[PDB]
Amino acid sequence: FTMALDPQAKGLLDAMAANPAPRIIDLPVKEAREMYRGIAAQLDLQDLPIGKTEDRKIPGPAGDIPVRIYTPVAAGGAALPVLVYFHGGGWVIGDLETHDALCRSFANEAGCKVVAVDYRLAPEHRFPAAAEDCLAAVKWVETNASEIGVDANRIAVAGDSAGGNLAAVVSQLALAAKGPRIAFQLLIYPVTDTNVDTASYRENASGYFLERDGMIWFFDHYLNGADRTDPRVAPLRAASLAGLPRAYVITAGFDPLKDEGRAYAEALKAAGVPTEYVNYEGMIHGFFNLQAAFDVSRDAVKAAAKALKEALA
């Protein structure tokens, strides 16, 4: 295991190295968001089928929140379990389009409705705007479960990266508020803390798509000298994890976020929370949205979806 890096990942990274265009993090957010959209468009699966896709607005604490509601192909009329999904992108980039293929994948493979949330992004809306919107969305899904044909006893949350941060944080806030009821949290290479100097941060600092300098950039847009020890951005620092939703936690081997993701999984287990932890040793951060490029990505998305399905049975 000289480097256990997946050869499809090495191929991708080498190709990205040969590109002279500015890094996402050297750019104003307009270009950064567009650059990320273009990346997504080329490396994720296109033209996946869906039973139904519906865009609408729901009431939010600061104004309307756009959401996208996915129904599995050939779903019956019965009320379905529902996954509320928070996209990644360091709380700055990403949107309903960048993660659409992943949402379709979860809907079809897990057999659940998916509600993807277009939450407020930084720097236009700093912390805790994203968490406010994501919590509001889960509350709305629970309250209006009958209207959108879902089972309010089978609500899961999920997200990748900053979205996984939000899923973890929303779970904590919901527990503290005694609602909404969340039955599962699917944390895909999540941000769980604000220490950019863990062993995996320094070992995987550059060259693996998500870089240490990238996280610094994201944190600076998102956190406004906000307390970086605030558990609403650093859920690993919570006083207690007891009573949180059963979890499925994914980390990538060459991800600077590996150590804190694993740490959160360990701390959930130690607090008695049922937790399934899987690490993909050859993968890089962001690989759940690279299903067109990586064989392992398709396998991992299916595996996460099946865990979700089985948990909400």
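The numbering used is simple: start at 1 and walk along the sequence shown.
- Comparing the deposited coordinates for 292-300 and 13-21, the stretch with the larger average C-alpha B-factor is 13-21.
- The mean Cα B-factor in the deposited entry runs higher for 32-40 than for the other of 58-66 and 32-40.
- Of the candidates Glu132, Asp118, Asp197, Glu109, the deposited coordinates give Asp197 the top C-alpha B factor.
- Of the candidates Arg228, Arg104, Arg232, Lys113, the PDB record gives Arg228 the highest C-alpha temperature factor.
- Looking at the C-alpha B-factors along this chain, the one for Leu308 belongs to the lowest third.
- Among all modelled residues in this chain, the alpha-carbon of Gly207 has a temperature factor (C-alpha) in the highest third.
- Placement of the Cα temperature factor of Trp217 within the chain: middle third of the modelled residues, per the deposited record.
- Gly149: CA B factor in the middle third of modelled residues in this chain (values from the PDB entry).
- In the deposited entry, the Cα temperature factor of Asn165 places it in the lowest third of its chain's modelled residues.
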